[PDB]
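Here's the structure we're looking at; comments come further down.
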Amino acid sequence: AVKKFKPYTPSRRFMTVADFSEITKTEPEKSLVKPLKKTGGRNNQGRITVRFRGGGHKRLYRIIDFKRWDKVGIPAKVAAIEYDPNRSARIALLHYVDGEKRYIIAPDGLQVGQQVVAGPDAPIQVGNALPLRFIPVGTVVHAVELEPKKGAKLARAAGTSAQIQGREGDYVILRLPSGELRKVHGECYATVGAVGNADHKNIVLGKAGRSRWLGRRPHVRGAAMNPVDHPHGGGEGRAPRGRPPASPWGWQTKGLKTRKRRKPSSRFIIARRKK
Amino acid sequence: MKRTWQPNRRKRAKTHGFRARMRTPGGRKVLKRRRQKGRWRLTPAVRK
RNA sequence: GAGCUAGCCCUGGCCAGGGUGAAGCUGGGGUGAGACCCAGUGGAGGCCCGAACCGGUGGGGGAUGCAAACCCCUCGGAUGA
RNA sequence: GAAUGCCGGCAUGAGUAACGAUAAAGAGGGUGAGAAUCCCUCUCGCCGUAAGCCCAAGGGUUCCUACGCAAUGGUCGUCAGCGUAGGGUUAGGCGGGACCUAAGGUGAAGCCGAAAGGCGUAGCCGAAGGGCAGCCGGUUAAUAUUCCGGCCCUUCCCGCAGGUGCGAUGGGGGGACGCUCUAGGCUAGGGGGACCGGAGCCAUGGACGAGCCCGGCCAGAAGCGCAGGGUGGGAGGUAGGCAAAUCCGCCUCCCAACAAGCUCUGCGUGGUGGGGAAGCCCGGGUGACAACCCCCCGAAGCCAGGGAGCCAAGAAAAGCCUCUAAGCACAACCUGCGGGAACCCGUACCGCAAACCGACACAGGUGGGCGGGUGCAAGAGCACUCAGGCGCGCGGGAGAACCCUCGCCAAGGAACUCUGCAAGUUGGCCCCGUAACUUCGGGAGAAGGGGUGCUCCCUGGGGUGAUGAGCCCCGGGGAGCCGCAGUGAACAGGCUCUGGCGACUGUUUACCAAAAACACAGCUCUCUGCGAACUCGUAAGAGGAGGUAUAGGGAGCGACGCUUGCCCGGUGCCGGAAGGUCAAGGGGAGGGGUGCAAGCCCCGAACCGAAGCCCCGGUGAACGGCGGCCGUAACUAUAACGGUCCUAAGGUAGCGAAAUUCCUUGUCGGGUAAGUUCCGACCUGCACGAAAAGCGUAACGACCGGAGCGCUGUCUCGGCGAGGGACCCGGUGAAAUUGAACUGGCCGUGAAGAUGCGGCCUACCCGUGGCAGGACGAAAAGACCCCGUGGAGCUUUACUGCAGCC
RNA sequence: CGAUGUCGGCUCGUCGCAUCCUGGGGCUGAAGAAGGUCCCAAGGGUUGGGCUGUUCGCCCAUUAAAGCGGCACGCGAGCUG
RNA sequence: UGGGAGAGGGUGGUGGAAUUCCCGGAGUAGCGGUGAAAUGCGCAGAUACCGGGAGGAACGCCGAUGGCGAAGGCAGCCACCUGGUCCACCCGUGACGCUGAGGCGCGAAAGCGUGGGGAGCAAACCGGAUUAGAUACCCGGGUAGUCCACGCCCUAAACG
RNA sequence: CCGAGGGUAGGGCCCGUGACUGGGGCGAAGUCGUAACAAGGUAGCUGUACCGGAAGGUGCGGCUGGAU
Ligand SMILES: CC[C@H]1OC(=O)[C@H](C)[C@@H](O[C@H]2C[C@@](C)(OC)[C@@H](O)[C@H](C)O2)[C@H](C)[C@@H](O[C@@H]2O[C@H](C)C[C@H](N(C)C)[C@H]2O)[C@](C)(O)C[C@@H](C)C(=O)[C@H](C)[C@@H](O)[C@]1(C)O
Ligand SMILES: [Mg+2]
Ligand SMILES: [Mg+2]
Ligand SMILES: [Mg+2]
Ligand SMILES: [Mg+2]
Ligand SMILES: [Mg+2]
Ligand SMILES: [Mg+2]
Ligand SMILES: [Mg+2]
Ligand SMILES: [Mg+2]
Ligand SMILES: [Mg+2]
Ligand SMILES: [Mg+2]
Ligand SMILES: [Mg+2]
Ligand SMILES: [Mg+2]
Ligand SMILES: [Mg+2]
Ligand SMILES: [Mg+2]
Ligand SMILES: [Mg+2]
Ligand SMILES: [Mg+2]
Ligand SMILES: [Mg+2]
Ligand SMILES: [Mg+2]
Ligand SMILES: [Mg+2]
Ligand SMILES: [Mg+2]
Ligand SMILES: [Mg+2]
Ligand SMILES: [Mg+2]
Ligand SMILES: [Mg+2]
Ligand SMILES: [Mg+2]
Ligand SMILES: [Mg+2]
Ligand SMILES: [Mg+2]
Ligand SMILES: [Mg+2]
Ligand SMILES: [Mg+2]
Ligand SMILES: [Mg+2]
Ligand SMILES: [Mg+2]
Ligand SMILES: [Mg+2]
Ligand SMILES: [Mg+2]
Ligand SMILES: [Mg+2]
Ligand SMILES: [Mg+2]
Ligand SMILES: [Mg+2]
Ligand SMILES: [Mg+2]
Ligand SMILES: [Mg+2]
Ligand SMILES: [Mg+2]
Ligand SMILES: [Mg+2]
Ligand SMILES: [Mg+2]
Ligand SMILES: [Mg+2]
Ligand SMILES: [Mg+2]
Ligand SMILES: [Mg+2]
Ligand SMILES: [Mg+2]
Ligand SMILES: [Mg+2]
Ligand SMILES: [Mg+2]
Ligand SMILES: [Mg+2]
Ligand SMILES: [Mg+2]
Ligand SMILES: [Mg+2]
Ligand SMILES: [Mg+2]
Ligand SMILES: [Mg+2]
Ligand SMILES: [Mg+2]
Ligand SMILES: [Mg+2]
Ligand SMILES: [Mg+2]
Ligand SMILES: [Mg+2]
Ligand SMILES: [Mg+2]
Ligand SMILES: [Mg+2]
Ligand SMILES: [Mg+2]
Ligand SMILES: [Mg+2]
Ligand SMILES: [Mg+2]
Ligand SMILES: [Mg+2]
Ligand SMILES: [Mg+2]
Ligand SMILES: [Mg+2]
Ligand SMILES: [Mg+2]
Ligand SMILES: [Mg+2]
Ligand SMILES: [Mg+2]
Ligand SMILES: [Mg+2]
Ligand SMILES: [Mg+2]
Ligand SMILES: [Mg+2]
Ligand SMILES: [Mg+2]
Ligand SMILES: [Mg+2]
Ligand SMILES: [Mg+2]
Ligand SMILES: [Mg+2]
Ligand SMILES: [Mg+2]
Ligand SMILES: [Mg+2]
Ligand SMILES: [Mg+2]
Ligand SMILES: [Mg+2]
Ligand SMILES: [Mg+2]
Ligand SMILES: [Mg+2]
Ligand SMILES: [Mg+2]
Ligand SMILES: [Mg+2]
Ligand SMILES: [Mg+2]
Ligand SMILES: [Mg+2]
Ligand SMILES: [Mg+2]
Ligand SMILES: [Mg+2]
Ligand SMILES: [Mg+2]
Ligand SMILES: [Mg+2]
Ligand SMILES: [Mg+2]
Ligand SMILES: [Mg+2]
Ligand SMILES: [Mg+2]
Ligand SMILES: [Mg+2]
Ligand SMILES: [Mg+2]
Ligand SMILES: [Mg+2]
Ligand SMILES: [Mg+2]
Ligand SMILES: [Mg+2]
Ligand SMILES: [Mg+2]
Ligand SMILES: [Mg+2]
Ligand SMILES: [Mg+2]
Ligand SMILES: [Mg+2]
Ligand SMILES: [Mg+2]
Ligand SMILES: [Mg+2]
Ligand SMILES: [Mg+2]
Ligand SMILES: [Mg+2]
Ligand SMILES: [Mg+2]
Ligand SMILES: [Mg+2]
Ligand SMILES: [Mg+2]
Ligand SMILES: [Mg+2]
Ligand SMILES: [Mg+2]
Ligand SMILES: [Mg+2]
Ligand SMILES: [Mg+2]
Ligand SMILES: [Mg+2]
Ligand SMILES: [Mg+2]
Ligand SMILES: [Mg+2]
Ligand SMILES: [Mg+2]
Ligand SMILES: [Mg+2]
Ligand SMILES: [Mg+2]
Ligand SMILES: [Mg+2]
Ligand SMILES: [Mg+2]
Ligand SMILES: [Mg+2]
Ligand SMILES: [Mg+2]
Ligand SMILES: [Mg+2]
Ligand SMILES: [Mg+2]
Ligand SMILES: [Mg+2]
Ligand SMILES: [Mg+2]
Ligand SMILES: [Mg+2]
Ligand SMILES: [Mg+2]
Ligand SMILES: [Mg+2]
Ligand SMILES: [Mg+2]
Ligand SMILES: [Mg+2]
Ligand SMILES: [Mg+2]
Ligand SMILES: [Mg+2]
Ligand SMILES: [Mg+2]
Ligand SMILES: [Mg+2]
Ligand SMILES: [Mg+2]
Ligand SMILES: [Mg+2]
Ligand SMILES: [Mg+2]
Ligand SMILES: [Mg+2]
Ligand SMILES: [Mg+2]
Ligand SMILES: [Mg+2]
Ligand SMILES: [Mg+2]
Ligand SMILES: [Mg+2]
Ligand SMILES: [Mg+2]
Ligand SMILES: [Mg+2]
Ligand SMILES: [Mg+2]
Ligand SMILES: [Mg+2]
Ligand SMILES: [Mg+2]
Ligand SMILES: [Mg+2]
Ligand SMILES: [Mg+2]
Ligand SMILES: [Mg+2]
Ligand SMILES: [Mg+2]
Ligand SMILES: [Mg+2]
Ligand SMILES: [Mg+2]
Ligand SMILES: [Mg+2]
Ligand SMILES: [Mg+2]
Ligand SMILES: [Mg+2]
Ligand SMILES: [Mg+2]
Ligand SMILES: [Mg+2]
Ligand SMILES: [Mg+2]
Ligand SMILES: [Mg+2]
Ligand SMILES: [Mg+2]
Ligand SMILES: [Mg+2]
Ligand SMILES: [Mg+2]
Ligand SMILES: [Mg+2]
Ligand SMILES: [Mg+2]
Ligand SMILES: [Mg+2]
Ligand SMILES: [Mg+2]
Ligand SMILES: [Mg+2]
Ligand SMILES: [Mg+2]
Ligand SMILES: [Mg+2]
Ligand SMILES: [Mg+2]
Ligand SMILES: [Mg+2]
Ligand SMILES: [Mg+2]
Ligand SMILES: [Mg+2]
Ligand SMILES: [Mg+2]
Ligand SMILES: [Mg+2]
Ligand SMILES: [Mg+2]
Ligand SMILES: [Mg+2]
Ligand SMILES: [Mg+2]
Ligand SMILES: [Mg+2]
Ligand SMILES: [Mg+2]
Ligand SMILES: [Mg+2]
Ligand SMILES: [Mg+2]
Ligand SMILES: [Mg+2]
Ligand SMILES: [Mg+2]
Ligand SMILES: [Mg+2]
Ligand SMILES: [Mg+2]
Ligand SMILES: [Mg+2]
Ligand SMILES: [Mg+2]
Ligand SMILES: [Mg+2]
Ligand SMILES: [Mg+2]
Ligand SMILES: [Mg+2]
Ligand SMILES: [Mg+2]
Ligand SMILES: [Mg+2]
Ligand SMILES: [Mg+2]
Ligand SMILES: [Mg+2]
Ligand SMILES: [Mg+2]
Ligand SMILES: [Mg+2]
Ligand SMILES: [Mg+2]
Ligand SMILES: [Mg+2]
Ligand SMILES: [Mg+2]
Ligand SMILES: [Mg+2]
Ligand SMILES: [Mg+2]
Ligand SMILES: [Mg+2]
Ligand SMILES: [Mg+2]
Ligand SMILES: [Mg+2]
Ligand SMILES: [Mg+2]
Ligand SMILES: [Mg+2]
Ligand SMILES: [Mg+2]
Ligand SMILES: [Mg+2]
Ligand SMILES: [Mg+2]
Ligand SMILES: [Mg+2]
Ligand SMILES: [Mg+2]
Ligand SMILES: [Mg+2]
Ligand SMILES: [Mg+2]
Ligand SMILES: [Mg+2]
Ligand SMILES: [Mg+2]
Ligand SMILES: [Mg+2]
Ligand SMILES: [Mg+2]
Ligand SMILES: [Mg+2]
Ligand SMILES: [Mg+2]
Ligand SMILES: [Mg+2]
Ligand SMILES: [Mg+2]
Ligand SMILES: [Mg+2]
Ligand SMILES: [Mg+2]
Ligand SMILES: [Mg+2]
Ligand SMILES: [Mg+2]
Ligand SMILES: [Mg+2]
Ligand SMILES: [Mg+2]
Ligand SMILES: [Mg+2]
Ligand SMILES: [Mg+2]
Ligand SMILES: [Mg+2]
Ligand SMILES: [Mg+2]
Ligand SMILES: [Mg+2]
Ligand SMILES: [Mg+2]
Ligand SMILES: [Mg+2]
Ligand SMILES: [Mg+2]
Ligand SMILES: [Mg+2]
Ligand SMILES: [Mg+2]
Ligand SMILES: [Mg+2]
Ligand SMILES: [Mg+2]
Ligand SMILES: [Mg+2]
Ligand SMILES: [Mg+2]
Ligand SMILES: [Mg+2]
Ligand SMILES: [Mg+2]
Ligand SMILES: [Mg+2]
Ligand SMILES: [Mg+2]
Ligand SMILES: [Mg+2]
Ligand SMILES: [Mg+2]
Ligand SMILES: [Mg+2]
């Protein structure tokens, strides 16, 4: 449940912060964090290839176990639930009876002190990772592999979830967080339940500086620029777009579909997305 | 005011130095070119 | 050619002093239990005043200048984009 | 002889401007050919969170000493950062290397590109980050944590003794981390003393005093003490840490538990070794057997890897410890002791500046540390001062105009002006008090007032100590004193009402614009299923993201509140397996050339044949657009109402002479003595209008308007005074400009505005201080404007191509 | 066009006279006072404010009067902007 | 003490019918709609039929003139949690009662906030008719909303 | 010392008046439609919402003070 502030500054009027009330441990596991090499949006050429990036808080990357089929049949206790500045969700620290320690994305409802497990034999319980073909039809799952053994690729963001709708052959039908209907292979892993921290979307940043804390530098509108810079530049005074609204590089940015038409995964897209 | 010349020995050697010039084609032509002209110095002297 | 300038990356450093007094916590009141009220404690903030520092608002001087952008008075920010 | 020609020489302006901060000078003595300028002394003044000191960068001998003054020095010069010559920089411990990693750079493997080359894991390189052993004093003209003295310590090799399963690039631990606030105890630093040490001093009316002046420490190994940091012990199991493992990790048991113990630091003490003032006497020497004690204030530093809270969630790697593997256990490693060994480079000097960056000995620029005392509420603010450093490398005079900076002003008080521009006013602290409105925070330092010094007297609590005295910190009450005036100097808001625009803190045209512009949290649309979209790249490869639709790209709007209407005909976009058109290709009716001929060779109809376009739909917070004439109400007027024409549909709510209104100073109302502005209304809106958003909105603004109070040299209307210049003398001595010049007025003439021509008038020759009307004065081959089949940026349903995409 | 700076203001004036006032006149539909209109006359004078960048104009309060023009729409090597 | 009846309330589950859409098959020239029509939909394969899937909302028969609640109101079915009520016994307390200005709470629908959901329905709106007009009634579309969670609003022909 | 009151600055309440504006009442014979009273020709009324020259219409839920 998001936390409001009294208006003792102009920005405190609307600024909201997470309640952080599910976190049980406040510093990262030394053996599972590594330096997160900030880019600024520059590539190996040195060129801004993604604009308005940089200047965020320093971060360490928590190594997250996106396979889990590494360790079929070895249970693990939920030792803690922690903050992770690299993703919307929270992360959960697992202590395996193996003695090994890993992080997973924290599903909604997971409690410290519960034991989770992974594999075809697993119970249909929050935090269990099974191949997709062994979860009953209708079960809400997250952290889903797109391809067998290739790694959890879908429904990783705070609050998201895919739902199992039915089966066809070696393949399952998932309703993704976008509402598309895609066929995913049955041997792909997924974790029972939805990701936690659903309140994440109701956060009200509150002021410009908070975006600067996330590495987000200011966006500059096309209309505010000059013709050397953007299709929407120029004009004496303000101005409407005066052409179909365009990106910096000329392409149209209202409705123009951009998925590649012959892409092979199209055989596996049953229906495009919702809303 | 702060002007354009802010001498820095390490910046000087690392930018115009002999080893900087040999590492690229345009650099070796510079050295060849200044050697053909008979420059007493092929490169800016910096004290390291 | 980025030793000027612009942005980002890595690593360090700096920000006198005062002022305001958020949540929280505690106690008291309240109630079926609450909400909530009062006091104290607390020390929040692109919060307030003001040096260093960063700026350059208005005026005056300067105009073969002390200076190819300076000087005086005044003025903005000063825990933060 | 001319090219605003080129190179050089030399003139003119001219003995003119200037001589670079208005911090300031005077005299005596010395030296010397020569002295305002060098040296010495006394007096004066300036900086003192600096204008003093120490590091770093950069500079590169500028350092020190002798000897010089042609040039350099804005004057001078005997001086000097100048000339000449000699001298000067000393390290196992400081900094860098023989150590580690960060971004980045490079790069065995590998990948990519016509060539050049671009990438790329490890690895390597890479520092002001990690790591690691030196403190105090003396010494030289010039170096010192470097030399010397004292007391300490590190690594490497070898040896000795004790001990132990020893052994690594491998496993593990640790190293290892944010922001704000902050505890306890110290230390640096400081204040005081009636105590201790000291050469002296008694003045000019008084004082021989509990007098004045001065100074009362620094470093130090073990131990010890105080304060802190760090750290569970044992056992059993064990599949995880890419081999192993007794280590680590996980599970159980026992024990311990604010502890303690073990360990590591700071501080204190400490053998020991140092230092040691004023004054006096020519840097030294004396003082001096110097003394070296007590109380108080007290860090931002130290203990430290301390504590708490918060969200934006805060390097790596080596050193180091531990585990074992090959191996090896005559080894090896650990521990203590002993001897020996310990290399390269930097070290002078300047360093907020005359030695660095600005062409200059240039009022500019330059990162880190130290930065004393008093008082002013605090402080790095302000004034004066310590240490220490300076008086800014032309002076002497005079005492005009005028200019700059500054002080005051009778009466009036914004009448000044585009504008209160500028300058007054106000000004700190303490107490009383404080409105509309509001998002309940604010608005608020609202506004407005009162207090403020000194003496005496009584008294409350706190810190140190002890619970006392002493010192130190916050106060309370009473009675008095002096002045024009008590934050008596210095630093230190004028206020209010009302509108426009932008929510706000921010950002910007380096060097004419700081704004209403950009940004901004927030809202909406749209694309994107991950080898994502999109971006950069020929590619490989990167960014996106070690992210995954609560995410990422693109676009518009811009907190918040109440809202965002009608038009899909056109353009865009999205959907549409029909149809229509449609390229290569397929097909080959049927024609052609040649050959004697088998043949060879050419043209070619229907038909099949993508995307795109046509066509059918949808789509507005997609591009965009949201009517005309005529009539009508029982006074007039105006039309709720009607007729008709056109449209894809004819502007809704709200707002309106407005940042928009042309006619315009619209009209009415308010404010004024008077109001082209302002505010409030009206609405025939030239030419508002709903996310190029509409109407509002508390708070905010060096934004832009209008008004009022306060107060003023802004003004009536100017006066006087100060200093720095201007002026005079000595020194040094520019400049743009310049066809030559023996260079007057009027009325005319002239290429149409004449010193230069005509006629007249006026006028002895040459300067100095002033003023700017002319020399179509100077500067810049007009930026406006046009011309050139000149150029460049930009746009699109101009042309033609290309990338990219299909 | 190898540059003649361009509105208004301020300051400083100088000139013309088709005279706004003051002096002298004729005519009057001049009783007086007051004007009306033409003539002569350029010696001097010709105010302070509100509004607007304004010139101009309107308005307020006075006045003998609140003149109109030229001087590169006089005057930016005199200022403003 | 012991009994019973009930859509009383709250939470979590879960069942079938029907509508809509989507996929496959089959099939052809209309379907839909009305007072009559047109708009609309349909050879680009609709309607009507069968198989499949998804999703939302409501709960047929029972059902009543019934029942429960203080009122507003409450209807598939299951479980849990909870309120009120009536009855038999005549067992306990000893008038502990009645009402109730203020207060507090509850309070249909619509409406508002921030998320979610969205089949059907449907203000606004668009089109087709009717009509003198038709900003209506009727028809074809259609957005809020109706649904869920939390938080507001607090109204009524909230009536017996 | 207190003190009539005078002055300065700021608040509260009432009264009168104001360009313009909002609906209200009244007014023998105005304009537009016809919402209600009969099943008033779509039963009406309702709270609310949205919309429209105007009465009103429509939605959602409620009442019978609805008809046959
Ligand atoms: C400070 C010192 C500078 O002087 C100025 O700024 C003055 C104040 C300008 O006026 C400024 C300010 C202003 C308002 O002029 C008054 C503006 O109009 C002009 C454009 O520039 C001048 C004099 C301009 O002249 C004017 O240029 C006009 C185009 C035409 C005009 N004249 C021939 C008709 C002429 O005199 C012009 C060109 O800058 C002068 C040229 C030679 C220069 O470039 C010189 C080197 C100047 O930079 C300067 C002397 O250093
Ligand atoms: Mg808040
Ligand atoms: Mg509040
Ligand atoms: Mg959480
Ligand atoms: Mg690590
Ligand atoms: Mg990267
Ligand atoms: Mg790279
Ligand atoms: Mg490169
Ligand atoms: Mg490059
Ligand atoms: Mg980009
Ligand atoms: Mg970027
Ligand atoms: Mg997280
Ligand atoms: Mg994320
Ligand atoms: Mg798959
Ligand atoms: Mg948000
Ligand atoms: Mg961040
Ligand atoms: Mg953003
Ligand atoms: Mg923007
Ligand atoms: Mg623009
Ligand atoms: Mg622009
Ligand atoms: Mg460009
Ligand atoms: Mg272009
Ligand atoms: Mg373009
Ligand atoms: Mg444009
Ligand atoms: Mg523009
Ligand atoms: Mg523009
Ligand atoms: Mg425009
Ligand atoms: Mg346009
Ligand atoms: Mg376009
Ligand atoms: Mg594209
Ligand atoms: Mg999709
Ligand atoms: Mg600069
Ligand atoms: Mg360097
Ligand atoms: Mg360097
Ligand atoms: Mg460098
Ligand atoms: Mg080099
Ligand atoms: Mg380089
Ligand atoms: Mg190379
Ligand atoms: Mg070569
Ligand atoms: Mg040579
Ligand atoms: Mg070179
Ligand atoms: Mg530099
Ligand atoms: Mg600060
Ligand atoms: Mg500060
Ligand atoms: Mg600090
Ligand atoms: Mg402070
Ligand atoms: Mg308090
Ligand atoms: Mg607390
Ligand atoms: Mg602040
Ligand atoms: Mg303040
Ligand atoms: Mg000023
Ligand atoms: Mg200049
Ligand atoms: Mg200055
Ligand atoms: Mg100043
Ligand atoms: Mg400030
Ligand atoms: Mg010639
Ligand atoms: Mg010349
Ligand atoms: Mg030439
Ligand atoms: Mg020449
Ligand atoms: Mg020459
Ligand atoms: Mg010459
Ligand atoms: Mg010569
Ligand atoms: Mg010469
Ligand atoms: Mg001369
Ligand atoms: Mg002269
Ligand atoms: Mg000069
Ligand atoms: Mg000068
Ligand atoms: Mg000065
Ligand atoms: Mg002298
Ligand atoms: Mg003297
Ligand atoms: Mg001599
Ligand atoms: Mg001399
Ligand atoms: Mg001399
Ligand atoms: Mg001198
Ligand atoms: Mg001397
Ligand atoms: Mg030099
Ligand atoms: Mg000389
Ligand atoms: Mg000389
Ligand atoms: Mg000589
Ligand atoms: Mg000289
Ligand atoms: Mg000089
Ligand atoms: Mg030396
Ligand atoms: Mg060696
Ligand atoms: Mg080459
Ligand atoms: Mg390197
Ligand atoms: Mg060292
Ligand atoms: Mg030491
Ligand atoms: Mg010597
Ligand atoms: Mg031995
Ligand atoms: Mg061992
Ligand atoms: Mg750590
Ligand atoms: Mg870490
Ligand atoms: Mg670090
Ligand atoms: Mg922080
Ligand atoms: Mg002190
Ligand atoms: Mg000691
Ligand atoms: Mg094991
Ligand atoms: Mg330490
Ligand atoms: Mg001594
Ligand atoms: Mg002695
Ligand atoms: Mg500090
Ligand atoms: Mg520490
Ligand atoms: Mg690393
Ligand atoms: Mg072996
Ligand atoms: Mg052996
Ligand atoms: Mg051992
Ligand atoms: Mg060596
Ligand atoms: Mg040295
Ligand atoms: Mg300086
Ligand atoms: Mg410094
Ligand atoms: Mg110097
Ligand atoms: Mg230069
Ligand atoms: Mg000098
Ligand atoms: Mg200087
Ligand atoms: Mg003070
Ligand atoms: Mg001086
Ligand atoms: Mg100075
Ligand atoms: Mg003089
Ligand atoms: Mg004189
Ligand atoms: Mg001065
Ligand atoms: Mg004074
Ligand atoms: Mg006066
Ligand atoms: Mg006044
Ligand atoms: Mg006055
Ligand atoms: Mg005024
Ligand atoms: Mg004004
Ligand atoms: Mg003042
Ligand atoms: Mg003051
Ligand atoms: Mg108030
Ligand atoms: Mg008020
Ligand atoms: Mg107000
Ligand atoms: Mg207001
Ligand atoms: Mg309030
Ligand atoms: Mg106050
Ligand atoms: Mg006050
Ligand atoms: Mg008092
Ligand atoms: Mg006194
Ligand atoms: Mg007195
Ligand atoms: Mg102030
Ligand atoms: Mg702003
Ligand atoms: Mg702005
Ligand atoms: Mg606005
Ligand atoms: Mg706003
Ligand atoms: Mg804004
Ligand atoms: Mg700020
Ligand atoms: Mg600028
Ligand atoms: Mg500029
Ligand atoms: Mg510039
Ligand atoms: Mg300026
Ligand atoms: Mg601007
Ligand atoms: Mg500003
Ligand atoms: Mg901007
Ligand atoms: Mg918004
Ligand atoms: Mg959205
Ligand atoms: Mg590209
Ligand atoms: Mg190529
Ligand atoms: Mg990555
Ligand atoms: Mg907004
Ligand atoms: Mg905004
Ligand atoms: Mg913006
Ligand atoms: Mg409001
Ligand atoms: Mg359209
Ligand atoms: Mg269209
Ligand atoms: Mg269409
Ligand atoms: Mg258009
Ligand atoms: Mg159009
Ligand atoms: Mg509307
Ligand atoms: Mg107007
Ligand atoms: Mg209007
Ligand atoms: Mg307006
Ligand atoms: Mg307009
Ligand atoms: Mg106008
Ligand atoms: Mg008017
Ligand atoms: Mg009036
Ligand atoms: Mg009108
Ligand atoms: Mg627009
Ligand atoms: Mg616009
Ligand atoms: Mg406002
Ligand atoms: Mg406001
Ligand atoms: Mg502002
Ligand atoms: Mg501003
Ligand atoms: Mg005023
Ligand atoms: Mg006034
Ligand atoms: Mg004056
Ligand atoms: Mg004077
Ligand atoms: Mg003389
Ligand atoms: Mg001379
Ligand atoms: Mg000279
Ligand atoms: Mg001649
Ligand atoms: Mg001549
Ligand atoms: Mg002459
Ligand atoms: Mg003459
Ligand atoms: Mg002529
Ligand atoms: Mg003439
Ligand atoms: Mg003449
Ligand atoms: Mg002649
Ligand atoms: Mg002649
Ligand atoms: Mg003549
Ligand atoms: Mg003549
Ligand atoms: Mg004459
Ligand atoms: Mg002279
Ligand atoms: Mg003169
Ligand atoms: Mg002149
Ligand atoms: Mg000329
Ligand atoms: Mg002239
Ligand atoms: Mg001239
Ligand atoms: Mg030329
Ligand atoms: Mg020209
Ligand atoms: Mg030119
Ligand atoms: Mg131009
Ligand atoms: Mg022209
Ligand atoms: Mg042509
Ligand atoms: Mg031509
Ligand atoms: Mg051309
Ligand atoms: Mg061109
Ligand atoms: Mg011209
Ligand atoms: Mg010329
Ligand atoms: Mg010229
Ligand atoms: Mg004036
Ligand atoms: Mg008469
Ligand atoms: Mg008369
Ligand atoms: Mg006459
Ligand atoms: Mg006259
Ligand atoms: Mg004019
Ligand atoms: Mg006018
Ligand atoms: Mg008269
Ligand atoms: Mg005139
Ligand atoms: Mg004329
Ligand atoms: Mg002219
Ligand atoms: Mg004219
Ligand atoms: Mg003209
Ligand atoms: Mg003129
Ligand atoms: Mg003029
Ligand atoms: Mg001028
Ligand atoms: Mg002018
Ligand atoms: Mg001139
Ligand atoms: Mg002149
Ligand atoms: Mg002239
Ligand atoms: Mg059809
Ligand atoms: Mg067919
Ligand atoms: Mg659905
Ligand atoms: Mg009984
Ligand atoms: Mg219609
Ligand atoms: Mg009809
Ligand atoms: Mg309700
Ligand atoms: Mg009639
Ligand atoms: Mg009726
Ligand atoms: Mg009816
Ligand atoms: Mg009817
Ligand atoms: Mg309707």
Cα extents of the range A:1-66 along the three principal axes, largest first, in whole Å? 46, 33, 19
Hypothetical label at A:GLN163: residues of the range A:247-275 whose amide nitrogen lies under 20 Å (7 Å Cα-Cβ projection): A:269-275
Counting DSSP beta bridges with both ends in chain A, the antiparallel % (nearest 5): 95
Relative contact order as a percentage, the range A:24-177, C-alpha pairs under 8 Å and 6+ apart, gives 17
Kindly put A:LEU256, A:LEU181 in sequence by how many other C-beta atoms sit within 10 Å of each C-beta, fewest to most. A:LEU256, A:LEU181
Local electrostatic count, A:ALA89, Cβ distance below 14 Å [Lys/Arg +1, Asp/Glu -1]: -1
Given the candidates A:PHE52, A:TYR8, A:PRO75, the one whose Cα lies deepest towards the positive end of the charge dipole of chain A, counting +1 at each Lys or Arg C-beta and -1 at each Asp or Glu C-beta, is A:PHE52
Return the whole-Å distance between the Cα centroid of the range A:44-69 and the Cα centroid of the range A:201-274. 21
Placing +1 on each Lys and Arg Cβ and -1 on each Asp and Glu Cβ in the protein assembly as shown, then taking the dipole about the Cα centre, the residue among A:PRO248, B:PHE18, A:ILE269 whose Cα reaches farthest towards the positive end is B:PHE18
Would you list, by chain and number, the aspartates and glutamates whose Cα falls below 14 Å from the Cα of A:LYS275, excluding same-chain residues fewer than 8 positions away? A:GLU180
Starting from the Cα of B:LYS2, draw a straight line to each of the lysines and keep only those under 22 Å, dropping any in the same chain fewer than 8 residues away. B:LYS11
What distance in nm lies between label points placed 7 Å from Cα along the C-beta direction at B:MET22 and B:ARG34? 1.5
Considering only A:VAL117, A:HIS95, A:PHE20, whose Cα is most displaced toward the positive end of the charge dipole of the range A:8-163, charges sitting on Cβ of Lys, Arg (+1) and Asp, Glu (-1)? A:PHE20
How far, in nm, would the chain grow between A:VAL112 and A:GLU27 when pulled straight, counting 0.36 nm per residue and subtracting the alpha carbon separation? 29.0 nm
In whole µm²/s, the translational diffusion coefficient that Stokes-Einstein assigns to the protein assembly as shown, given a Kirkwood hydrodynamic radius over C-alpha pairs, 20 °C and 1.002 mPa s, equals 86
Sorted by Cβ density within 10 Å, fewest first, the residues A:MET225, B:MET22, B:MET1: B:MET1, B:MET22, A:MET225
Using only Cα atoms, figure out Rg for the range A:124-217 and give it as a multiple of 2.2 N^0.38 Å. 1.27
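All of the numbers you see were taken from the coordinates with simple rules; none came from a lab. Note that we place each Cβ from the backbone using ideal geometry, even for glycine, and neighbour counts take in every protein chain shown.
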